[PDB]
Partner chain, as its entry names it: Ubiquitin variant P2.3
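In the form solved without its partner chain, a lone chain appears below as structure tokens.
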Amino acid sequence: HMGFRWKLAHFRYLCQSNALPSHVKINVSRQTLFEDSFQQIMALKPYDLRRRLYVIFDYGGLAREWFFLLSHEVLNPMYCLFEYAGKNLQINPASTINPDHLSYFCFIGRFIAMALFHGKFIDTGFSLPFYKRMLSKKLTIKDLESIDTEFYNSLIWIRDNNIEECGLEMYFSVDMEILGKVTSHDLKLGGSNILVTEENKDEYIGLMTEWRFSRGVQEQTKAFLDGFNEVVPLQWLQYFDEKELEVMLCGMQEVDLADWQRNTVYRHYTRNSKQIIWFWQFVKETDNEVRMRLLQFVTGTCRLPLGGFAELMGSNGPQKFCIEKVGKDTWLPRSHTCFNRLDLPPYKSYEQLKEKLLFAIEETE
């Protein structure tokens, strides 16, 4: 958003002026691709990855074929490093089964950073809240909605219903059981011994939210970030937001508007609603950068499934792009990425709708 083309130009100049002379050769096989890349990369010092890359299985299309293939294999549930933990991806908290998991996550972060450094695209992709963690950005309760609907619904219920008439007795500590461990966690020092009360709702909600992102995955995330930071230091991503970081890694595809429009569903709206006529008119005029940022804001990603918009998936299964009327023309638009849902208030004119979309697309998360 805003000056994004300026943002990446500055980044490409950063990598280019930090490059190193000479090269590193990487020998790999087709069927053993991820064991071999692991051993050849991890044997090299991190700044050696800033040199020219030579992958013998053009002399730069081999590199792209490496970054695509290895991208699929490292995020492939086989070494048990990643768990979908949605439905039909993210770090698996049961990766401790692998005694060397922390070594594999170091490699994965180094590899993701090589892709950015060398301006190559990966065909895998983490969630927006993961990219916010890479950018040291505050994680919100809406990010919670994107990872864990049912955990989100419970915290919302505590937030605006008094839990005294409910009989809720809660404390500032949460268990978690991974591989039959049952590990307690004190949200603060001595937290298991403080009752959650109507005065301290806000904090508890905030601590519970922050704890949910890194449950069973702190060590793994710390290793990923340490390895990444060794190749491309994280402070070079300083001007970017999570939506821009995703595009930089995944690349841009152009959206098929006929395919989008015929696979959209409506709640308390129709194709004959003027707010829908205006909406489809808005996306016909804007850039395709705006279209992709709008797919991000609504579905949670810029990537489109194999099949097009008909195949869109959300939480409990198939979930097509959806628009729903809420509130009044004074409200701002908002979204629920788990449901691929846009909450579009009933604005009064085309211009008001265009101004309020573009604000939500470009300025809010």
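Residue numbers count along the first chain shown, from 1. For clarity, a rigid core is taken as the largest C-alpha set superposing within 1.5 Å between two forms.
Beyond the structure shown, there is the form deposited with its partner chain bound, which is absent from this document and is the topic of what follows.
(message) its partner chain is absent from this chain, but in the entry with it bound, do 97, 104 and 177 each have a non-hydrogen atom within 4.5 Å of it?
(response) So, yes: the whole triplet contacts its partner chain.
(request) Would you point out which of 33-41, 293-301, 327-335, 64-72 contains residues with a non-hydrogen atom within 4.5 Å of its partner chain in the entry with it bound? (result) Stretch with heavy atoms near the partner: 33-41.
(message) To verify the annotation, which of these, 233, 206, 119, 77, has a non-hydrogen atom within 4.5 Å of its partner chain in the entry with it bound?
(response) None of the other options qualify; the answer is 77.
(message) To verify the annotation, which of these, 248, 225, 135, 81, has a non-hydrogen atom within 4.5 Å of its partner chain in the entry with it bound?
(response) Selected residue: 81.
(message) Can you tell me whether residue 87 touches its partner chain? I mean in the entry with it bound, with a 4.5 angstroms heavy atom cut-off.
(response) Flag for residue 87 set to yes.
(message) With a cut-off of 4.5 Å between heavy atoms, is residue 271 one of the residues that contacts its partner chain in the entry with it bound?
(response) Output for residue 271 is no: heavy atoms all beyond 4.5 Å of its partner chain.
(message) in the entry with it bound, is there a heavy atom of its partner chain that lies within 4.5 Å of any heavy atom of residue 92, even though the partner is absent here?
(response) Within the cut-off, so yes.
(message) With a cut-off of 4.5 Å between heavy atoms, is residue 181 one of the residues that contacts its partner chain in the entry with it bound?
(response) Because a heavy atom of residue 181 falls inside 4.5 Å of its partner chain in the entry with it bound, the answer is yes.
(request) Please name the single residue among 223, 115, 174, 134 whose Cα shifts by at least 2 Å between this form and the one not shown after core superposition. (result) By this measure, the answer is 174.
(message) Core superposed first: is there a CA shift of 2 Å or greater at residue 259 between this form and the one not shown?
(response) Superposed on the core, residue 259 moves its C-alpha less than 2 Å between this form and the one not shown.
(message) Would residue 271 count as moving between this form and the one not shown, using a Cα shift of 2 angstroms or more after superposing the core as the test?
(response) Yes, shifts by 2 Å or more.
(message) Aligned on the rigid core, do the two forms place the Cα of residue 68 2 Å or more apart, comparing between this form and the one not shown?
(response) Residue 68: C-alpha displaced by less than 2 Å between this form and the one not shown.
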